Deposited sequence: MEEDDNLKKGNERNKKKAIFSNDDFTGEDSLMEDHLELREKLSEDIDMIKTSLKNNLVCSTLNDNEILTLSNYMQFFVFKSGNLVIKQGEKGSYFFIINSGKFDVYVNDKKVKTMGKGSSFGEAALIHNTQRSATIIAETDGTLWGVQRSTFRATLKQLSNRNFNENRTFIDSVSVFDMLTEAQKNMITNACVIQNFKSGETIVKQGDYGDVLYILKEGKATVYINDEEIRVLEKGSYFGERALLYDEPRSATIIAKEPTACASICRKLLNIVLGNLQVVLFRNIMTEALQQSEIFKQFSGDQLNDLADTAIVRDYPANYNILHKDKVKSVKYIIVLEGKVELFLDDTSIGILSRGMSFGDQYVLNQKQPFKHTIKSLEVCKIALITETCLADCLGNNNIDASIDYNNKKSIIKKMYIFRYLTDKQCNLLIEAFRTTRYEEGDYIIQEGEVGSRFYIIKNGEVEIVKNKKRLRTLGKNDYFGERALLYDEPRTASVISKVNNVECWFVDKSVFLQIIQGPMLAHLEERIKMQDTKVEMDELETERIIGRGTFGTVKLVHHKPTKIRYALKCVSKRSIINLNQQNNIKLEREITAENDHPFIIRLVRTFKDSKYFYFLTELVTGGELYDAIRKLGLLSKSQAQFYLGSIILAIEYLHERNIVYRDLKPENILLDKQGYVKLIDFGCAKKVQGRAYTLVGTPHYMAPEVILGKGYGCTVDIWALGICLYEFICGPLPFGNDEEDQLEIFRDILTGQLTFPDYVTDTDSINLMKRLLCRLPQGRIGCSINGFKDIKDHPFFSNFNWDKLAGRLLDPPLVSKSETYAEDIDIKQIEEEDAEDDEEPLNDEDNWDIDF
């Protein structure tokens, strides 16, 4: 017995196939398409070469009088431009009538949507047409290939060599394509240059003092200096044939990157310090400090920069430009070029005399690091204390339980650690006893043994015994010293509980208990339904009496919608999330008919109901909720996740009034530029709509939409609009205004900078990342440490609980 095969070959797409005819395009055809697309909502930002390519994908369609083109209520896919004849319209089976030059079905280019009108042909007329799939696919291909071409051209430009991978990708998105006709001047001699040009196609002639010097082709570039200095152009460059250039202006580069020269030297110094066996062990913040504080100096060629015994405060040097030679008395040790460095032994032993000599081999630039520079940046006169301090800090800043404590709290915790020794065979912890110490291995190896079964071996910088800080319980496993000379850092529970305060302790006490509880489906009892894909049940775990949420999703509903890859990806993202303001997944389950997600139960209600109870937010209330979202979003962007559906509906409050981001169905791990149109229209960024690619920046746009809601009340774009097209039009072209009762300069500026249409110029989307938002004057009185450390009073704490109402899982 064999199954038959069976739909979707009888829509409006199949109707257009019947009317399709072949037609070679004339000059009258292309020009007529170019004009209609340039006036259209999606294509008005596009250049001529993109519009020309799109214009070639237009198909020709022929209609006799009485033939239906579009019917009302049918799902729409094509966009049309009337080539000849008249076409009547029926608004609710009744309105307009339009002929050559006009267009319709614009919304179809963006999204699959029901047709408003129904257009019948009045006379023997013809249409130019294109389908959504082809249109979006074409924009995707134009943008992707443009970016990749421009990226490999950036790699050939030597002034950008010391940019990082992320920084090069950033400046690639700052490239503007510029097309030039034959005989057109690209740059003129004596003009003050602020633009770097790279030839993509064509040829240009270089003239100096009216004399023909040379010809530039694909891959040639000029104006490197124009990105650094403000000087006269050295030559006049005129296009010889039709020519395309990628250009980057200094103005946009300074927005994207800041001072290019500063960034390059910072990167050289930062990479040099990361090769040092001493400077390796310090944090990125400390290395950026050393880089930003180092004395930078130029020296001439064949110059003794440092000479045995005559050196005073200088302990370390990094070559930024040129070359120097390192000597010990008369013996040559080596040549240091860009990014190489010297002085480890003098950094470690700052009182010992300088015995080396550094002589320049050519004109050079050097970064000098002194005793004062080290003390100020590494925060101590003693270097071994600093190293020791940061070794502990690095380890605890990775752990959930310590990393959201404040800098004061974290510093008190680090100072409290003491050292103890153990020999081969010693039990550091014995299974059974009630523990009270947390351990970090400084030197040696230890075995973890649970119920006589070796679980794993831990070594230098691993940690154990964490739960004893939160709970008074018996120890679940023993920890035995593998070898002699084992040394641990340790801190006692009692000190941790002095440092930490009530709210944060309760958060950790609840979270770790529920996380670590091994839960089976046998052991759960449904209490009530709290959400209607599938259902969300408030469940109760009988052995521990801990309460959870259990989201159930129909396995048959997933197969029928081809969400098999998407549910795997949702699980993967939802599982990795470990942040206090993001919902925490405990476990997943699988059976014959369902996929289950078991999460923490969130009891404080929805954010969308909190803001309606509070009304328009005060500055501190808006700071609190926006700040919370910022930290959650920042967490995700650090892991290359774009959330894509940020809105108050997807944010719950916990018992304490702190927020939890939920619903990761729209989230994606970004690998390059994303193109699929996903989200809630009122919150969707313009770069999602326009279809030329996007990444993590879309969440920062939505953040500005949310802030506007909080302070002003209504949505900034499309507030009183149901129809999706008109919402999108307002997002793309509408004027951003504020009510008469919103006047706070810092609130207005932040909303304006967050709702910048160009993602490249949007606050938070430059080199400093979220730091620019966090340091914005709007947050000037806001303590980010206290937010994450649960030390702020929230705007709203609820009196009771409120709720709405193959595969490896």
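The chain's deposited sequence has unresolved stretches at 1-14, 21-22, 111, 550-551, 825-849, with no C-alpha coordinates there.
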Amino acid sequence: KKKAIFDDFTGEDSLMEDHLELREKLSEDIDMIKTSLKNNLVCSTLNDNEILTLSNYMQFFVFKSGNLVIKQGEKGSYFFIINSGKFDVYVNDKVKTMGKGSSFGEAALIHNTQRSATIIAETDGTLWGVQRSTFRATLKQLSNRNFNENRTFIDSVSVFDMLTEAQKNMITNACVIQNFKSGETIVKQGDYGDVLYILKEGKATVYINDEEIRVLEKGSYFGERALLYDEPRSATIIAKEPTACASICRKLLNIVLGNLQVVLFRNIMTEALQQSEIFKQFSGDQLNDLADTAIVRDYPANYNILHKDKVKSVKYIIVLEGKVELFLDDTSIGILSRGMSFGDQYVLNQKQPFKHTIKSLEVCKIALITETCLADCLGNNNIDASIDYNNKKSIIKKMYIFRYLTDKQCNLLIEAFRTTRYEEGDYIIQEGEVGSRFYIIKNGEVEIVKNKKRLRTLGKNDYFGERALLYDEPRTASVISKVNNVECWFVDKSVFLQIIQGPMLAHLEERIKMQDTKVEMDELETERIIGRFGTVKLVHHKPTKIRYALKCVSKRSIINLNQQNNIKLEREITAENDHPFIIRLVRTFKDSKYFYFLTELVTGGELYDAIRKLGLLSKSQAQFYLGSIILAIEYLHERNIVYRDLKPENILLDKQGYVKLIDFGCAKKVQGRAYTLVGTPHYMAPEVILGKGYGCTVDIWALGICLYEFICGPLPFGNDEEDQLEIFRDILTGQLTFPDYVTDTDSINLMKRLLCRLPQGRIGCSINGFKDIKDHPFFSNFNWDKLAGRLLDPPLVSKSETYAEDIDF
From here on, numbers count along this sequence of modelled residues.
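Higher mean CA B-factor, judged across 100-108 and 494-502 from the recorded values: 100-108. Stretches compared: 417-425, 171-179. Higher mean C-alpha B-factor in the entry: 417-425. Of the residues listed, 639, 323, 115, 250, the entry assigns the biggest Cα temperature factor to 115. Across the residues 768, 747, 783, 53, the deposited record lists the maximum Cα B factor for 53. When the CA B factors of the chain's modelled residues are split into thirds, the value for residue 708 lands in the lowest one. The entry lists a Cα temperature factor for residue 764 that places it in the lowest third of the chain's modelled residues. Looking at the C-alpha B-factors along this chain, the one for residue 730 belongs to the middle third.
Looking at the C-alpha B-factors along this chain, the one for residue 218 belongs to the lowest third. For residue 131, the recorded CA temperature factor ranks within the highest third of the chain's modelled residues.
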